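So the structure is just underneath, and the comments pick up after that.
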Amino acid sequence: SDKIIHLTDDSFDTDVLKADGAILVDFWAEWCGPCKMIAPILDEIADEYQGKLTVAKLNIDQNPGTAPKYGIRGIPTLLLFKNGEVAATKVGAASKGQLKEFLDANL
Ligand SMILES: [Cu+2]
Ligand SMILES: [Cu+2]
């Protein structure tokens, strides 16, 4: 968790929308087992990709306003923002290797 940005509905418009560079946003909730499984993978990705990527998390139960802005249907959903715009999307479970493939194709 040392490299994960904790987002809220109150901070999203600053920390994501006013940021240049790439930010991987994980939309999650505590009831979601696959979300909890990807959590340690995100710590590893945040470290390996530091300096070309920031990793952030938004809990959709605590912060219900953001996900509908992007039409999110279910979780996990990962949105890769580049300079305030969604540039890539991945839904559902992902292994480390699958997440690295997704990031490498988009960074
Ligand atoms: Cu950490
Ligand atoms: Cu490292």
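A few points about this structure:
- One residue stands out among those in segment 44-70 that are in a loop (DSSP other than H, G, I, E, B) and farther than 20 Å from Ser11 by Cα: the one that is nearest to ligand 1 (Cβ to nearest atom), which is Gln50.
- The set of residues in segment 8-55 being of a type in the set (A, V, I, L, M) and more than 22 Å from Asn106 (Cα to Cα) consists of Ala29, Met37.
- Applying the condition of being of a type in the set (D, E, K, R) and either within 15 Å of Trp31 (Cβ to Cβ) or touching a residue at least 40 places away in the same chain (Cβ under 8 Å) (or both) to segment 49-72 and asking which residue is surrounded by the most Cβ atoms within 10 Å (Cβ to Cβ) yields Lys57.
- Check on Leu103, touching a residue at least 60 places away in the same chain (Cβ under 8 Å) and within 16 Å of ligand 2 (Cβ to nearest atom): yes
- Contact map, segment 1-21: residues that are free of Cβ contacts under 8 Å to residues at least 60 places away in the same chain paired with residues that are among the polar types (S, T, N, Q) and within 16 Å of ligand 2 (Cβ to nearest atom), Cβ distance under 7 Å, separation 6+ or inter-chain. Pairs shown: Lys3/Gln50; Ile5/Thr54.
- Applying the condition of being among the charged types (D, E, K, R) and either farther than 16 Å from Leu103 by Cα or loosely packed, with under 14 Cβ neighbours inside 10 Å (or both) to segment 29-43 and asking which residue is nearest to ligand 1 (Cβ to nearest atom) yields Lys36.
- Within segment 1-28, if we keep just the residues that are assigned to a loop (DSSP other than H, G, I, E, B) and surrounded by 17 or more Cβ atoms within 10 Å (Cβ to Cβ), the residue that is nearest to ligand 1 (Cβ to nearest atom) turns out to be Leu7.
Reconstructed Cβ throughout: ideal geometry from the backbone, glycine too, with neighbour counts over all protein chains shown. Rule-based calculations on the coordinates, nothing more; no lab input.
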